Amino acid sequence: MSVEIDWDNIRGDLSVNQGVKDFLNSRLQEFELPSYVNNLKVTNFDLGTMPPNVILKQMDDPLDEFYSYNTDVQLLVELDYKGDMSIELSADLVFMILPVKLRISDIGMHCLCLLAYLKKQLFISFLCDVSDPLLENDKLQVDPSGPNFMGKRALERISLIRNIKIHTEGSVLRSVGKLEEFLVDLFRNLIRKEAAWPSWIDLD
C-alpha cells in the first residue's frame, strides 16, 4: 500500500520550503533561550534529496478539529525517514558576541502520522513512533475515526526523533558544546510539543 511522491517536484516548491521555515521560527521564539544565546533563527530549511518511505493506512475526512476559528481528505500514513534533510540555523553566542552557524541533520523518524489536505491547506501531525510500546498494547487509540482517539496515555509517547545530528561552524567550546545540547533538547520538544498531535504543522 505505497505512496510514491514527486520529491523532485516537492523538494523544489518554496511555498513549502518557506512556511516550514516559518513554522519553526514561530515556535522557536515561543521558548525561553538561555543567556549564552540570541538571534536564533532558522535561516534555511532543506529537505532530503531522497524522500521518505510512505505507507497509506487509512483515509478519512479530516478531523473536526482541523476545522477552526468535499474536497478534503485525511491520510493516516507510516513515515519512515533515514534521509539527508537539514535545517540551517544561526545564533549569537555570548565581553563580546560571536555569531555562529549550525546545521541540524541526520534526522530519523519512523512514524505514524496524519496528513490532511483541506481548504487549500496541508496539516501534518505526527502521532507516534511505530515501535512505541503504546501500540503493542491496545493502550493508545490511533484510529482518528475513532472513539477516544489519542486519549490519556498520549502523554507517555516516546520521542518521534530516533536520531539527529547537530554540528556548528578558546574555552568558548564549553558553550558551543551545550549550545548544540540545548538545541537538540529544544528541537525534540518543539516536535513533541508543536508538531505531534494534538498539534501540527500547517502549510499549503
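Heads up: residue numbers just count along the shown sequence, starting at 1.
The modelled chain breaks between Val94 and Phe95, where 4 to 9 residues of the deposited sequence lack coordinates. Going from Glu169 to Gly170, you skip over 4 to 9 residues of the deposited sequence that the entry leaves unmodelled.
If you average the C-alpha B-factors over 112-120 and over 95-103, the higher value belongs to 95-103. Taking the PDB entry as given, 172-180 carries the higher mean Cα B factor of the two stretches 172-180 and 151-159. Highest CA B-factor among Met59, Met50, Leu63, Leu28, as stated in the entry: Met50. Looking at the C-alpha B-factors along this chain, the one for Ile201 belongs to the lowest third.
When the modelled residues of the chain are ordered by C-alpha B-factor, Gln18 sits in the middle third. Ranked by C-alpha B-factor against the other modelled residues of its chain, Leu135 falls in the highest third.
Per-chain ranking of the deposited C-alpha B factor places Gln74 in the lowest third. For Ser35, the recorded CA temperature factor ranks within the middle third of the chain's modelled residues.
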